[PDB]
Amino acid sequence: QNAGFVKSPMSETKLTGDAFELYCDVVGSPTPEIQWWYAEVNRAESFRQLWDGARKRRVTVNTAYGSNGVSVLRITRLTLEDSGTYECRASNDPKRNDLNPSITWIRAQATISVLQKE
Amino acid sequence: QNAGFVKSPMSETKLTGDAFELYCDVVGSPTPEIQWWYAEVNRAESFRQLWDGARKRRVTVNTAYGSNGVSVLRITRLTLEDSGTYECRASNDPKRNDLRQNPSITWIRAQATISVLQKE
Amino acid sequence: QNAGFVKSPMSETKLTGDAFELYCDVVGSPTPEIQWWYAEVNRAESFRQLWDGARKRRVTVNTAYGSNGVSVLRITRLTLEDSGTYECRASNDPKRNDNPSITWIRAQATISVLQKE
Amino acid sequence: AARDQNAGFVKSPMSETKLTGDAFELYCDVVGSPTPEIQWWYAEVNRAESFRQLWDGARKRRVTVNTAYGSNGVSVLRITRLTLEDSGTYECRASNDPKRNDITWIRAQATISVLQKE
């Protein structure tokens, strides 16, 4: 089985200072890798990988692997510039990390909108 | 600006001659539009919109809109060249259908891989 | 194939607070363009075009162009003032957008909204 | 196309097999009265739904297009640092129809096959 999404991240609107969590759950054989990506504008030139501890540890990534892969992306103390398009990426392609990055992966996107308190 | 995927399409392996169905389920206020897109290689240069009747009518699309958007993409009599990356796209942005824009900019995407194997 | 309605929108009665969805399905070769128009009274002077996002984003238009043109018009949080004649217009005439609107066909539906009293 | 077009191929792109990391160059040379326009198109699978126009700078500048119009039209398509995903059908399209940009184009196709380092 090529990687497939069983749970996808879900768009959400938030207030600055709040926090959000996005979830990802993927199946396949071999077990797929999960990565979280982001772009201000939903276009390939804008997408970059996020990681546990990004943005001075406002960003947290907890990922676990078994038969399936599961992950939560969490961002606290939200700012306006956290708005944009977030993405769970999954692949069990053996060449998936060989240095256009989306070519061997699948993607499932969510929109995050952060509004200013009043 | 608020559409989200409740259920995204699921990757699958099929044999030549069979059929597949992909399913896409989305929430948003107002109700988001749904589209289906495809590419042999998962890069924006190769993605094109599929539609009801495509590929000599082997492709059907059935979509229903209420509070949610729900759609099924079905392709019958599968061939090797039906393999690739398929994609549900959703949006309720009022400018989602303007032409002066990289098609993905006002949409969100949820992808599945379809592999079609030769009966032999 | 000249643009032709395979399914035309159907008149409905609603109560305030509800939503309605009208449906328009047109065949043709090439595939016809679809527009939605509205008027309080069925007179030419009162018809104007509905756009996605109108009426404080209570108006949605989701149109798909395949073999057929298939469109749904949805309006939420219905008020008494949303009552009227709603119309799907279709055309695959090459100069349909370039000679007034004589190149489009119309199919109408009445939406009557009553107070949830 | 027989009524409002008369351009014709004098040099056509040539199929070729290459290794990942290498570069290729395809050539097109077209005659007619008036001078015909040249475009380069590509598809993974030789079918109309997959064909898209390429341009100078495509694929993160790996794709180069150099076209000159004198009496005839001549053009070179170059792709460097080749990947497996550069494989497929490339074609030169040409037309000297007035309405050509509003089919009244003609095409000459080549197959590119990229193999990895064994």
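For the numbers below, each heavy atom of this structure counts, side chains included, while hydrogens, waters and symmetry mates do not. In the text below, chain A, chain B and the rest are named by the order of the sequence lines, each starting its count at 1.
Scanning both residues, B/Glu33 and C/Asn62, for their nearest heavy atoms gives CB-OD1, 3.4 Å. Scanning all heavy atoms of the two residues, the minimum distance from B/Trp51 to C/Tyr65 falls at CB-O, 3.8 Å. In plain terms, the two heavy atoms of C/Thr60 and B/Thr31 that are nearest each other are CG2-O, 3.8 Å.
Annotation for B/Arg57: atom CZ does not count as buried by contact number, only 12 or fewer foreign heavy atoms lying within 6.0 Å. The local environment of CZ in C/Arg43 is sparse, with at most 12 non-hydrogen atoms from other residues, nucleotides or ligands closer than 6.0 Å. Within a 6.0 Å radius of NZ in B/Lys7, no more than 12 heavy atoms belonging to other residues, nucleotides or ligands are found.
Residues of residues 66-86 of chain B lying under 4.5 angstrom from chain C, judged on non-hydrogen atoms, are B/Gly66, B/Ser67 by number. By a heavy-atom distance cut of under 4.5 Å, B/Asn92, B/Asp93, B/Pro94, B/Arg96 are the residues of residues 92-120 of chain B near chain C, going up by number.
Residue C/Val59 does not touch chain B at all, counting heavy-atom pairs closer than 4.5 Å.
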